[PDB]
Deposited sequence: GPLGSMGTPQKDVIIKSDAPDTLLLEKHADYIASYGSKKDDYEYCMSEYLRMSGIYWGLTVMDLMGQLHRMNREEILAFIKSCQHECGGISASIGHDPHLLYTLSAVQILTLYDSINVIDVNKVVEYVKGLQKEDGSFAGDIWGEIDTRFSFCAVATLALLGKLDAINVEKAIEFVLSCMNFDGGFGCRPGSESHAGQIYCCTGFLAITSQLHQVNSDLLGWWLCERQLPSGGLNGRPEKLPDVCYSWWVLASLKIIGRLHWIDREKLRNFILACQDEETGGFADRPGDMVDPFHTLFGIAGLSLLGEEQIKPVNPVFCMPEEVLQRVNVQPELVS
């Protein structure tokens, strides 16, 4: 119903890794680093991070950093920028980034930037604005953002801004919500949010509609970053999100009545935290983390 009970949601996440599907998580092992960060960030949002095994995750992350500094999605996989971000985000939640070699991660990210300011995913040089965001975000959490040429980085992302006001992966590519989420987040960290038309882009996001909660989170989070979030109906969306829930098992699916996964479960929980939920910690739209974590003492 209209119940916003999260106790059965936290139980779902913690008991999701107990299901004996030795084959199923074997195919998704190329995402398990992000998959872990996913499940972890909402347990922290619900204040149930303690129901997840921290020690076994810290060991897993340290075993995923390679000699080049990069971090894999899992042990034995090739290091990528995507799962370098996820790993750093996790270690930030646990107040322990010194688990891994901080300098080498910076060194690895720095050596992925091109002369046009763009960033590559791995050593094989795939160009995308997602990697531009993954780079700046990782360095931000490390406190080593000036380790790269920020100017050229900003220059390249702005060059991916299409006529729609939206952003693409590479210059000339179509405007997409996923790319907008990265680029808006990119400009947010680089303190260059004035470079984008808050009104034009806002009208784009609200008008655009369709994994659909990817799309849903990317729209919601961007609007929060933009500052023009109120241009969408809060209440009508909140109840719609509660419909994507699973009254039996728990978690969120992409659509009401579909299979639920930890991934879409986040932005179900994280989305509501952007809508103004009281029972859920204030989530950050950029880093997709609890705002409480983004403040340290030493």
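Residues of the deposited sequence that lack C-alpha coordinates fall in the stretches 1-19, 230-241, 330-336.
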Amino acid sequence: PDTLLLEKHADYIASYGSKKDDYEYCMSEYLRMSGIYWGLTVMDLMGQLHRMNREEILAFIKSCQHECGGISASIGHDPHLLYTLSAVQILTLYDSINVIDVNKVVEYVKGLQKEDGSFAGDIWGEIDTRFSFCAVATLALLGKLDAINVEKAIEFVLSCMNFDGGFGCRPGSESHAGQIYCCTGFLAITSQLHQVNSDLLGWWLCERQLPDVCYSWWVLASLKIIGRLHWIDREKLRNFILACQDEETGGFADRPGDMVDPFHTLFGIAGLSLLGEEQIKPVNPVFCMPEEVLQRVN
From here on, numbers count along this sequence of modelled residues.
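Relative to one another, 41-49 and 229-237 have unequal mean CA B-factors, and 229-237 is the one with the higher figure. 72-80 and 188-196 differ in mean CA B-factor, and the higher of the two is recorded for 188-196. Comparing the C-alpha B-factors of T138, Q209, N98, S175 in the entry, the top value falls on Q209. Across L31, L242, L272, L58, the greatest Cα temperature factor reported in the deposited entry is at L242. Split the chain's modelled residues into thirds by C-alpha temperature factor. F156 is in the middle one. Compared with the other modelled residues of the chain, the Cα B-factor recorded for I180 ranks in the middle third. Ranked by C-alpha B-factor against the other modelled residues of its chain, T92 falls in the middle third. Residue-level temperature factors show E292 in the middle third of its chain, judged at the C-alpha atom. In the deposited entry, the Cα temperature factor of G125 sits in the bottom third of values across the chain's modelled residues.
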